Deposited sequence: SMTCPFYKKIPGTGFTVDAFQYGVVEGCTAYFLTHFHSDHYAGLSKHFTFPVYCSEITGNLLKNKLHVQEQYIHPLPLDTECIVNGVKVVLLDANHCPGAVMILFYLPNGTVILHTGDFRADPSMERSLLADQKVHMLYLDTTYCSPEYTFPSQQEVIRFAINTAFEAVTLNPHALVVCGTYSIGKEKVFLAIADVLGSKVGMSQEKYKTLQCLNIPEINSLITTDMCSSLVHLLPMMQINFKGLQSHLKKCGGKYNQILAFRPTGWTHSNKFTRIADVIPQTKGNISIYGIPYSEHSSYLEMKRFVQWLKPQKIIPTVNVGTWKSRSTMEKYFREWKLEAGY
């Protein structure tokens, strides 16, 4: 009996969010997709025949990577009042990956609901349409909802990578910088690295086609499939190990004599002319970022969407929410 979970349903509507892996959801009048990560689009394919509401970047990926039929894809602009089945909704930048959004639902009866999808809370969100009215219910990405989860800011990670890469290529003009990636994400990191080095980013034709879906301005002048004309390469995450990088260095035919690689997980692992830096890159809120966003939003009700498998996890999170509400006075 495949059952869609509670945290994927929008109360007072027939709306679901990221609920494509349960077959036909009874009484669902509109299916939203917050972003193009396989955990969330799972189940979508060329055989799907209900309307999918999503951002334009997400729509491009649905069309070109999953071959969802164009007639069922309903892309919506960001930061704009839109209507779906008589209900007003706004898509907000989730600061997660390209095309990723939070969804703000304005119920005709006056209730206002935010579904964050996956997000990394940011002070800029306090400047968004969220500011213009009271938000009653919050469906919250609680991936790192525990005080242990501390990591640097996105800008700190990018600054570290820029500095490390610039210095390494300064000391050795024959060095190659490698960034590991999945299908999307990390664009701001590897584009900044290539920028400081005055280089395009080299990659496979498949990764190149993927980046064409992302509406990045002037993208063709930033990326190339001609690998050996660049100083920065993208490789699959699973190749970022000494064996995989030695192999890539051999594959480049002597054009480079050293690789410096970054991967998400600071002192590098070094074996000869290969070095690997694990960087604390994250597409989700830290505990403190999350706490700040929630104390600013002051929702009446919070529904966690992640780590809700046991009672202990759910109740520990409810405890933090009560403490937050007490300290901020709502």
Could you spell out the stretches of the deposited sequence that were left without C-alpha coordinates, going in sequence order? 266 to 278
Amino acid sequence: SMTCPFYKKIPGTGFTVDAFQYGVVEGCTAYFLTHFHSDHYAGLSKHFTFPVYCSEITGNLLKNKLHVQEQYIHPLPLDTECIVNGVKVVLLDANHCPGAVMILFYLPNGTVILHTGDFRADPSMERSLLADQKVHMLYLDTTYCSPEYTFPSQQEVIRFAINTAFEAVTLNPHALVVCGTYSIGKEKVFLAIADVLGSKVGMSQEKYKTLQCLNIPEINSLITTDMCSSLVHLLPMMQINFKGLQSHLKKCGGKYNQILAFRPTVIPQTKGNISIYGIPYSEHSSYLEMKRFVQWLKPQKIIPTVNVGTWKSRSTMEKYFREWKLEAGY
From here on, numbers count along this sequence of modelled residues.
Highest mean C-alpha temperature factor of the two stretches 163 to 171 and 216 to 224, which is it? 216 to 224
Return whichever of 62 to 70 and 33 to 41 has the greater mean Cα B factor according to the PDB record. 62 to 70
Residue set 290, 267, 261, 54, per-entry CA B-factor max assigned to 267
Going by the entry, which of 236, 123, 202, 98 has the most elevated CA B factor? 123
Can you tell me which third, lowest, middle or highest, the CA B-factor of residue 154 falls into for its chain? middle
Entry-reported C-alpha B-factor of residue 20 relative to its chain, by third, is lowest
Thinking about Cα B factors across the chain, which third does residue 27 belong to? highest
Comparing against every modelled residue in the chain, figure out the third that the C-alpha B-factor of residue 141 lands in (lowest, middle or highest). lowest
Chain thirds by Cα B factor, record data; residue 272 belongs to the highest
